[PDB]
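Presented below, as structure tokens, is a lone chain in the form deposited in one PDB entry.
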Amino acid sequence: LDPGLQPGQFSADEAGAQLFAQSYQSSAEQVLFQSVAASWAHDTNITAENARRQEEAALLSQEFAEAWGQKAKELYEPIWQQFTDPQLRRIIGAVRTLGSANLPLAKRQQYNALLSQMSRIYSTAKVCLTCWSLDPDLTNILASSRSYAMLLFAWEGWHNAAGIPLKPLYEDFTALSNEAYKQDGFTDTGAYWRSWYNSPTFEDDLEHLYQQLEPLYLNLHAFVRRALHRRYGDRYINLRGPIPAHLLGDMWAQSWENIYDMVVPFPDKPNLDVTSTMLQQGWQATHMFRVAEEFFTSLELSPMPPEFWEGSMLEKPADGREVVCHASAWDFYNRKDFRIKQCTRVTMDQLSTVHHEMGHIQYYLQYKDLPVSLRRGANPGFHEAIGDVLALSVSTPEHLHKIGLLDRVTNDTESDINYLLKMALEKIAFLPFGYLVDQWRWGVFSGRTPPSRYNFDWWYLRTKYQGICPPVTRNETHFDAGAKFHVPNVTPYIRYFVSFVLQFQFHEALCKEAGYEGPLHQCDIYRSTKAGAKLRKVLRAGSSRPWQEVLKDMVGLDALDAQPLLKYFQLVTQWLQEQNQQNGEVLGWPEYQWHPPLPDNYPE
């Protein structure tokens, strides 16, 4: 570790810890910048040389974390929990968490190499017949093909190409990750991840939220399954079984918005899928980011700095570079450089993703003056919710009209049902998936799910919560969890379930603050500087304060709450229940063992 980056001696008291934290911040920014920059260079240009550079930067970060973490314990272990400065307690708490820096050198290198190789495999995997990438090629097939056999080829091809080679690496990663965090005092890595929510009843709290939400998902599921049965027929759709996992418009069946045309009940109302209008009008990726930015500035939040426009990767490169296309938002920890890396496609759902990413950036801009250790969301679910809250306002027909994407605005109950159904395909359908991904990983980290049951337990959970089934037989040579970005890229997922609940609590509070009085689903907080001020107070707080207190200041409650989401969707919840009763549906999938047959001439 460079001499200028090493911790000196400080007095073993709170005054000394303040100075220690200031000195840490100065050097941490340098070490994080080099690590984030090396990761950027690789993720926008996947090469062996750039991977090498990123692994060397990660090794330096581990040296830094070990030196400062050990110094924090040497000086403050018996006293930091009693410091009067609550933010300093949180800073010291973070610095003394070494994570992978607990590993000896050789295992650090193995750990860093595994992360690099799992990332490369996921983002360079192809499906060949001439080869298709996940983004845009297979994504577009899953979204717009209605050939059962073509969807199956893409779904099976992708899961095989990404998942199979990842399994041996993921086993090794898990063991090293657990070894690292056991030395920070956690039973396993999942316990460390769950500890971020600082709730002794986290898992019970989540389960009670899901019990309130599940009836909405069950009714959406049955209605969509019936719509698919009318198109694909009784051979490929079992009205009492799980839905084949490749038929819902998305590789992971996690968002069902692409099958809106098959379920829309009132099709002579305005067409809420504005993708075709975006294309007709000549929208490009940069337009989508400028439109998102101007929503933020309408709230008197910050515009994107020049460094963002000059440095970001907002489209897939056409120069032959391999890149990580999965959308992400980057803080370089120098208070200057902030970037999005997204292979943006011109579609309505990508407009939502753009807003999601710019919500991340906006958080970074607002808390950039805090100490580096507090530059994060009040909890990770907060960070995932910011952009989604704005996207809820952007998606309303009145707002789409204002930005020229919808010529006619109607305000009637049929239009309400269309709108809420489309939003439910996006928000309700996701809930079981957002919940189940980390249940899978928590079991892997705890040892409940050994490598010999990776796929067995994945599909147990996929069927249990989502009510889907694989369209071809799978076995433990397959590693289908690994075919989802966040698993090989070691990004926790429960934050997205928390986000999908939280964003409706935020929306309700900001709509009230904006003076809006009508139905929650027609609120648009555009140009509400009062709502902007309330959101800004959250963003500027970072992790300086307990999330429960930040939430209470914002929405009036110190806990996650499903009631705002339930209230948003109430009209379509009742409508779907009525439709399913009238149609004689079975809610759920009691024929849980059912899988569809293979097409006759497959893959031929």
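We call the rigid core the largest set of C-alpha positions that still match within 1.5 Å between the two forms. We number the residues from 1 along the sequence you see.
The same protein has a further form, the form deposited in another entry, not shown here; the description that follows concerns it.
*Asks:* Which of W283, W80, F485, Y526 has its C-alpha displaced by 2 Å or more between this form and the one not shown after core superposition?
*Replies:* Once the cores are aligned, the residue moving by 2 Å or more is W80.
*Asks:* Aligned on the rigid core, do the two forms place the Cα of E591 2 Å or more apart, comparing between this form and the one not shown?
*Replies:* Shift at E591: below 2 Å after core fit.
*Asks:* Classify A15 as shifted (yes) or not shifted (no) between this form and the one not shown, where shifted means its C-alpha moves by 2 Å or more with the rigid core superposed.
*Replies:* Yes.
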